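Undergrad:
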DNA sequence: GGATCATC
DNA sequence: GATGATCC
């Protein structure tokens, strides 16, 4: 029930498709997850209007874009939607992929979908502390291997 | 709107 | 071959 929902979450995170720079993975997705991991910790709303998130995640990409991350939260949240971790509804029709640039801006600017982390994962990280460490340590090892994470970890309530 | 690369 | 993204 709860433990199965836990290892479900990790399985999806371990099997994430992320782009990789010359020296490591692009941090678009972990910046997104840790932003939602922190919000789930403080019990904050689950879903948010895209402009409110586009700013929030985009702000963190501006501050901690260690691999030239530009403030484009639409790339990770589409990969995470395909990964089963993100809920997108409000839009009409079908959700695009994260291959391109213009269409990613146009789709989000036109539909303006309300998005958040998946309902069972958000509530799980709220109540379960065992899962917050297993999701942070997993993301920190695979994505931030060699980098200073504590500035980002601070700016999301995850110190 | 596109060429292009790396990863899946 | 489809998907996460750089770059024009």
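Numbering (the entry's author numbering), first residue to last: 4 to 162. Ideal placement from N, C-alpha and C gives every residue a C-beta, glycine not left out.
1) So within the region 64-113, which uninterrupted alpha helix (DSSP H) runs reach at least 4 residues, ignoring any that extend past its ends?
2) CA-CA distance, residue 25 and residue 70?
3) Cα separation between residue 15 and residue 9?
4) Round the Cβ separation of residue 148 and residue 17 to the nearest angstrom and send it over; I've been treating them as touching at under 8 Å.
5) Would you kindly check if the distance between the Cβ of residue 61 and the Cβ of residue 159 is under 7 Å?
6) From residue 109 to residue 78, what does the alpha carbon distance come to, in whole angstroms?
TA: Looking at the coordinates:
1) Those alpha helix (DSSP H) runs which fall completely within the region 64-113 and span 4+ residues are 77-86.
2) Working through the first chain from its first residue, we reach residue 25 at position 22. Working through the first chain from its first residue, we reach residue 70 at position 67. So the two alpha carbons sit approximately 10 Å from each other.
3) Against the first chain, residue 15 aligns to sequence position 12. Against the first chain, residue 9 aligns to sequence position 6. In a straight line, the C-alpha of residue 15 is about 10 Å away from that of residue 9.
4) Within the first chain, residue 148 is the residue found at index 145, counting from 1. Within the first chain, residue 17 is the residue found at index 14, counting from 1. 14 Å between Cβ atoms; not a contact.
5) The residue given as residue 159 occupies position 156 in the first chain. The residue given as residue 61 occupies position 58 in the first chain. Cβ distance not < 7 Å, so residue 159 and residue 61 don't count as in contact.
6) Counting from one through the first chain, the residue named residue 109 turns up at place 106. Counting from one through the first chain, the residue named residue 78 turns up at place 75. Residue 109 and residue 78: Cα-Cα distance of roughly 12 Å.
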